[PDB]
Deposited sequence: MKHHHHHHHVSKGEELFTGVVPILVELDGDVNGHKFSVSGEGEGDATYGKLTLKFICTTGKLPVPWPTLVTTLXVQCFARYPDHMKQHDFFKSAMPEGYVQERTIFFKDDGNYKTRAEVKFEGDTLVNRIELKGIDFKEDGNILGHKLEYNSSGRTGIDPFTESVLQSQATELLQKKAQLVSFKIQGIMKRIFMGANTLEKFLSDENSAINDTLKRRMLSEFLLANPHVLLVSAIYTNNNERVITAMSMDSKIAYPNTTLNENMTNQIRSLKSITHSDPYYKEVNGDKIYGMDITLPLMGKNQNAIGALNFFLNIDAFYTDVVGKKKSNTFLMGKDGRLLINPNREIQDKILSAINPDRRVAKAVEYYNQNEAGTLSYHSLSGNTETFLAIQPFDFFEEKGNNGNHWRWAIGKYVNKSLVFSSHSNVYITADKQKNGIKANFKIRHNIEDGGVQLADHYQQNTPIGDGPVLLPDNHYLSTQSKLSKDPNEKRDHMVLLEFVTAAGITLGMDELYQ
């Protein structure tokens, strides 16, 4: 198949042997490609010293075997040939200057995908744009002064709310203590009308609790429920289940359920049940209440819409400004696998920050997460977290649509596209790309129909790298 190889993160290795008007140069590269989202993160260094040409000119040459091919896209010669290897040849003509001629072998060497390049450049003008180094590098602070301090503030705020949320729950469990004592009293003369009052007060003191129930499994098998509506307490006549009974007889310590939507009063209220056993010496019943998680909305998000969420086990979204995503796993909805670091902070109970990219588009959200236990006695199992995030638009350096057409004669594919390089204090230098891709050996390729690769590239710099270098974030999505 070939596509099977590209199912997660694959290590990238790049090697370039280069001559440009007699100027010989060598470039080595390393990184990782994930062809699920079609993301590549690569770093290149110049092993020969100073690059004779500007780094932006080498991006297209310095791995489309990845790329996010939609399902609509039948599928993808790049992958079909990867069991072995394909040859990517290009000529790149620079307007009013020389041309690059390029030959690339793209072959799996072990588990690492290795791009091995020969590059020849002739007819270039010394003191021109390329050899005279007059091109821009980046997309015309921020990550330091703003991003760090922004995330820094995020955590103090995430801690501040955390305290509050532990406050509410402290009051609720405290009320549940008093009710347990009262309800665990098996005295005949304590009528139900008086149990209903004690149930009502617990609710009245805690409006984050929708519902409460005294369940008895001893001899007078019954359930006394009070439910809090709109300034109204009512007493529904709940019936006992043979499964719920015996399970209550078996309960020994306080527990909770997984969050769910309670289908009550024609409404979907998100929450969990908290069950406390009433006594436990070989178990009169249980005090259970339904914690209304929806009621913490203003406590977590705020009175105004803000970038804050409440997170439960396995990074479930308990509270989130976007209601349509509630009760969904954070890792599930977001592609960037760096989002899994949130659930680790959660489980560790250690506050920390994490960064993740948006889909295959252009946005990086900086997240702070603040775990906390909302019930300390039992213990792991009683932990939430608050995430305060900051979404930022990611300005890319280059964009171009690589129109790829099937060949036939060479059981391969062909493509043509233009790249526009910005000049320092000036205008634009166009590079016409012409691309030929054929396989190395015998075997069935997958000759496509007619489609374009929406490539996107960001060029950053490593502050610690001591040699001429280039770091690269690419987003290669297929569409047509």
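- Missing from the model, relative to the deposited sequence, are the ranges 1-11, 74, 88, 154-160, 303-304, 402-404, 506-515.
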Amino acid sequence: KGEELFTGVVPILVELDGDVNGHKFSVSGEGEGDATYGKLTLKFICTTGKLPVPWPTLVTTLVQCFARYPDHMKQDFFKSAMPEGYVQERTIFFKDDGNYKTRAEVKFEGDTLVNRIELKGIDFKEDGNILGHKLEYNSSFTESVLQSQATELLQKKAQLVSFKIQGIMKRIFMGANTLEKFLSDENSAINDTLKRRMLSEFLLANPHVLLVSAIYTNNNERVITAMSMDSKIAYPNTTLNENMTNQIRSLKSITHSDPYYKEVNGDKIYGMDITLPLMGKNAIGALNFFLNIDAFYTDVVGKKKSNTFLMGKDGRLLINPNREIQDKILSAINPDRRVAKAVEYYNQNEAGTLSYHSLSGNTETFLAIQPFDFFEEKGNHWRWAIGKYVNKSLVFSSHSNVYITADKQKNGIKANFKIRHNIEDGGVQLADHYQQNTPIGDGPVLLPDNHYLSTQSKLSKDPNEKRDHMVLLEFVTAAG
From here on, numbers count along this sequence of modelled residues.
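- On average the C-alpha atoms of 125-133 have higher B-factors than those of the other stretch, with 125-133 and 286-294 being the two compared.
- Mean CA B-factor, 145-153 versus 260-268: the higher value falls on 145-153.
- Among 273, 299, 89, 324, the highest C-alpha B-factor recorded in the PDB entry belongs to 324.
- When the C-alpha B-factors of 205, 199, 223, 394 are ranked from the entry, the top spot goes to 394.
- Remark: residue 427 belongs to the middle third of its chain, ranked by C-alpha B-factor as recorded.
- Annotation for residue 248: CA B-factor lies in the middle third of the chain's modelled residues.
- When the modelled residues of the chain are ordered by C-alpha B-factor, residue 370 sits in the middle third.
- The PDB entry assigns residue 56 a C-alpha temperature factor belonging to the lowest third of its chain's modelled residues.
- In the PDB entry, residue 114 places in the middle third of its chain by CA B-factor.
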